[PDB]
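Okay, so here's the structure we're looking at.
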Amino acid sequence: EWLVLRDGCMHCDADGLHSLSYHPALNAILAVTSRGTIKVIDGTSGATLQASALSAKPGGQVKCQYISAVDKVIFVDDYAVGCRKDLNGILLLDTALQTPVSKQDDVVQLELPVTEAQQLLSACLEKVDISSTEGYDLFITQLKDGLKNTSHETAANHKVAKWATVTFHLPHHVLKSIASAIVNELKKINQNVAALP
Amino acid sequence: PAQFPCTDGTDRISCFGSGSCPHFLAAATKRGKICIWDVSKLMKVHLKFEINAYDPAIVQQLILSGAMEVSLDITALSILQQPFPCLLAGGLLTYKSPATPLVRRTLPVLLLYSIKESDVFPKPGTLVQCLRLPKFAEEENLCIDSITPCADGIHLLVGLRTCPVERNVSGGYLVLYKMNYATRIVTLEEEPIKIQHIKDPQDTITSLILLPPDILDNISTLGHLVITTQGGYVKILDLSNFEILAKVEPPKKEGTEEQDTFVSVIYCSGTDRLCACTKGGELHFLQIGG
Amino acid sequence: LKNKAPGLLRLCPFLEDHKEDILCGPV
């Protein structure tokens, strides 16, 4: 007879859990709720990292699996399959199962981390002047509200701050024109800032 | 982005998974179309084909089992490699047969398909081996729930379950097969190297995981297998004989006496514990060793 | 420092919070 020790339990969600997946590089448990959301929990202190919806269709049966041989996470719904990996110590799970659009005017979800968003805002407010471009006011307001919502959680937990991403719901051509204008404006001034990459 | 298995984007995916060669990710639809992506490299189209249920090997296997109507549905996906990799699909064939009115009989089989393209070797999208499951899978109308290669790389495990229909109820079967590397193509053996029965319907296997033997280092043994049942009883068994070595009862729900049944289990290396999800969404860590 | 397992001249205060479970240094 083998001995198994029990040293407590933790509460993740009241909606139930169906499937489990563990990422060994970040020590993160990717719990799959019964409502389709993926709850990312840290495995070092019991404090939950993030929550995600994968930008998939509502009511879909999300199934998440991990592979350590290739270090890749697979999300399978009733429609499509998405593959994700680590990026700067966090998993970009907001647009993991995003359906590829067919037109330039379709609204696309744009997930960004905190330091990148801060560098973008600093460049747009100090070094980059793109007020003449389409959708500039909407992008500035979205960046401002995302950063002012993130900064409250920034001073509490560093890992939860890093895992927290700002999701912009904007058209594809507007975002492409804005990013091209940022690239051109930073290239014509010969300034090497972190917002350019 | 998340690419659809087909260009139409309307078929629903029945099953998925990975095996001994997880560099390629397979996705099979309910209509019989399989798309394999090279997720190890940049996201692209690597293979795309459609399974025909009227293959000559499938036809002769169904003839040896007993117009002609056959409907094939894939329930598990795996890729086996030691020697180009091959795709192993756990299919279920439903066919009308005379009673000895027509009765729709179901039979679970394993299909092997070529993956690597040509640079008389078989072409991709064609059948390599049509393994026929033993008699108890056809008698109980079981379906292939899970396919998992073992940690040794020489053995394979197949966990079955009772297929629902659109007596003694069984919780499924554990079939351990031996890999065959006699030829240049990865194949399987007709004789199963181990057959384990689940006589308890309450012990239907829902999820499984494999524990590396080096954690215990803190006939050769093939590691340990942790399985979750329908009722939440976590069972840790030796892979050599499938004997119940460790039993973990499901916890009780808060505020009541209802069974907070475990549904899935994983292994957390940072906590060095079996992390299992409950019916109520709780997480329980089980420690091994003392 | 030994990373703590999750629950199922003076040193800096962060090291003072985990002074008992220390395993190297201060250097």
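Derivation of every value follows stated rules applied to the coordinates shown; laboratory data play no part. For neighbour counting, all protein chains shown are included, and Cβ atoms are generated from backbone atoms with ideal geometry for every residue, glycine included.
From the set of residues in the range B:238-252 that are of a type in the set (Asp, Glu) and within 21 Å of the chain's Cα centre (by Cα), which is farthest from C:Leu8 (Cα to Cα)? Outline the logic, then answer.
If we filter the range B:238-252 for residues that are of a type in the set (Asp, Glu), which is where we start, we get B:238, B:243, B:249.
Applying the additional criterion that residues be within 21 Å of the chain's Cα centre (by Cα) yields B:238, B:243.
On the way: B:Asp238: 27, B:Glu243: 29 Å.
Checked the range B:238-252; the qualifying residue farthest from C:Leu8 (Cα to Cα) is B:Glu243.
Return yes when B:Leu174 is more than 26 Å from B:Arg31 (Cβ to Cβ) and surrounded by 13 or more Cβ atoms within 10 Å (Cβ to Cβ) and no when it is not. Break it down into steps so the answer makes sense when it comes.
Details: more than 26 Å from B:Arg31 (Cβ to Cβ): yes; surrounded by 13 or more Cβ atoms within 10 Å (Cβ to Cβ): yes.
So B:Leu174 fits the description; yes.
Within the range B:262-290, track down each residue that is of a type in the set (D, E, K, R), within 7 Å of chain A (Cβ to nearest Cβ) and under 25 Å from the mean Cα position of the chain (by Cα). Explain how you work it out, then say what you get.
Of all residues in the range B:262-290, those of a type in the set (D, E, K, R) come to B:272-273, B:279, B:282.
After this cut, where a residue has to be within 7 Å of chain A (Cβ to nearest Cβ) as well, the list is B:279, B:282.
Of everything in the range B:262-290, just one residue is of a type in the set (D, E, K, R), within 7 Å of chain A (Cβ to nearest Cβ) and under 25 Å from the mean Cα position of the chain (by Cα), namely B:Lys279.
Looking at the range B:76-88, is at least one residue crowded, with 16+ Cβ neighbours inside 10 Å, more than 30 Å from B:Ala2 (Cβ to Cβ) and β-branched (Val, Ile, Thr)?
No: the range B:76-88 contains no residue that is crowded, with 16+ Cβ neighbours inside 10 Å, more than 30 Å from B:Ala2 (Cβ to Cβ) and β-branched (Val, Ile, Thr).
Condition check ((1) farther than 30 Å from B:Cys21 by Cβ; (2) surrounded by fewer than 20 Cβ atoms within 10 Å (Cβ to Cβ); (3) touching a strand residue (DSSP E or B) at 6+ places or on another chain (Cβ under 9 Å)) across all residues:
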{"residue": "A:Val4", "(1), (2), (3)": "yes, yes, yes"}
{"residue": "A:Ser21", "(1), (2), (3)": "no, no, yes"}
{"residue": "A:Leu30", "(1), (2), (3)": "no, no, yes"}
{"residue": "A:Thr33", "(1), (2), (3)": "yes, no, yes"}
{"residue": "A:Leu92", "(1), (2), (3)": "no, yes, yes"}
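Are there helices (runs of 4 or more DSSP H) fully within the range A:85-197 with at least 2 residues that are more than 16 Å from the chain's Cα centre (by Cα) and over 30 Å from B:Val39 (Cβ atoms)? List them.
Working: elements: A:114-122, A:136-154, A:158-163, A:172-188.
Correct list: A:114-122, A:136-154, A:172-188.
Can you tell me which residue within the range A:26-49, out of those that are of a type in the set (S, T, N, Q) and out of contact with any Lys or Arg (no Cβ under 8 Å at 6 or more places or on another chain), is nearest to the other protein chains (Cβ to nearest Cβ)?
Looking only at the range A:26-49, we keep the residues that are of a type in the set (S, T, N, Q), and these are A:27, A:33-34, A:37, A:44-45, A:48.
Next, from what is left, pick out any that are out of contact with any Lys or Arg (no Cβ under 8 Å at 6 or more places or on another chain): A:27, A:34, A:37.
Values: A:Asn27: 4, A:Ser34: 8, A:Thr37: 11 Å.
Among residues in the range A:26-49 that are of a type in the set (S, T, N, Q) and out of contact with any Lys or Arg (no Cβ under 8 Å at 6 or more places or on another chain), the one nearest to the other protein chains (Cβ to nearest Cβ) is A:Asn27.
Give me a count of the residues in the range B:230-276 that are of a type in the set (A, V, I, L, M, F, W, C) and more than 18 Å from A:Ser34 (Cα to Cα). Working first, answer last.
The initial filter retains those residues of the range B:230-276 that are of a type in the set (A, V, I, L, M, F, W, C), namely B:234, B:236-237, B:239, B:242, B:244-246, B:248, B:262-263, B:265-266, B:268, B:274-276.
From the residues that got through so far, the ones that are more than 18 Å from A:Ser34 (Cα to Cα) too are B:234, B:236-237, B:239, B:242, B:244-246, B:248, B:268, B:274.
Here the count works out to 11.
Applying the selection to the range A:91-139, what residues are away from chain B (no Cβ under 14 Å) and of a type in the set (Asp, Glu)?
To start, the set of residues in the range A:91-139 that are away from chain B (no Cβ under 14 Å) comprises A:91, A:103-105, A:107, A:112-139.
Those that are away from chain B (no Cβ under 14 Å) and of a type in the set (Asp, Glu): A:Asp105, A:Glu116, A:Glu126, A:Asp129, A:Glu134, A:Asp137.
If a residue has to be under 19 Å from B:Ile266 (Cβ atoms) and surrounded by 21 or more Cβ atoms within 10 Å (Cβ to Cβ) to count, how many in the range A:55-67 make the cut?
Quick first cut of the range A:55-67, residues under 19 Å from B:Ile266 (Cβ atoms) only: A:61-67.
From what's left, surrounded by 21 or more Cβ atoms within 10 Å (Cβ to Cβ): A:62, A:64.
Residues that pass the stated criteria total 2.
In the range B:96-125, which residues are surrounded by fewer than 16 Cβ atoms within 10 Å (Cβ to Cβ) and closer than 18 Å to B:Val70 by Cα?
Hits for the range B:96-125 are B:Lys96, B:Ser97, B:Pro98, B:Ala99, B:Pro101, B:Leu102, B:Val103, B:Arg104.
Take A:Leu5 and tell me if it is within 9 Å of chain B (Cβ to nearest Cβ) and under 27 Å from B:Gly232 (Cβ atoms). Explain how you work it out, then say what you get.
Numbers: within 9 Å of chain B (Cβ to nearest Cβ): yes; under 27 Å from B:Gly232 (Cβ atoms): yes.
Spelling it out, A:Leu5 is indeed within 9 Å of chain B (Cβ to nearest Cβ) and under 27 Å from B:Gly232 (Cβ atoms).
Can you confirm whether the range A:57-68 contains a residue that is more than 10 Å from chain B (Cβ to nearest Cβ) and among the aliphatic types (A, V, I, L, M)?
yes
If you check B:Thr10 against the conditions, is it touching an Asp or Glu at 6+ places or on another chain (Cβ under 7 Å) and either within 14 Å of chain A (Cβ to nearest Cβ) or among the basic types (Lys, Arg) (or both)? Talk me through it step by step, then tell me what you get.
On the way: touching an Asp or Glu at 6+ places or on another chain (Cβ under 7 Å): no; either within 14 Å of chain A (Cβ to nearest Cβ) or among the basic types (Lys, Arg) (or both): yes.
So B:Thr10 does not fit the description; no.
Within the range B:98-123, can you find the residues that are more than 26 Å from B:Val158 (Cβ to Cβ) and not in a strand (DSSP E or B)?
We begin by selecting, within the range B:98-123, every residue more than 26 Å from B:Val158 (Cβ to Cβ); these are B:98-102, B:117-121, B:123.
Listed by number, the residues that qualify are B:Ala99, B:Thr100, B:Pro101, B:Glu117, B:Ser118, B:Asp119, B:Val120, B:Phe121, B:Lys123.
Looking at the range B:253-261, can you tell me whether even one residue there is of a type in the set (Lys, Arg) and either outside any loop (DSSP other than H, G, I, E, B) or under 25 Å from the mean Cα position of the chain (by Cα) (or both)? Give the steps one after another, and end with the answer.
Going residue by residue through the range B:253-261, those that are of a type in the set (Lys, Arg) are B:253.
Subset that is either outside any loop (DSSP other than H, G, I, E, B) or under 25 Å from the mean Cα position of the chain (by Cα) (or both): none.
No, the range B:253-261 has no match at all.
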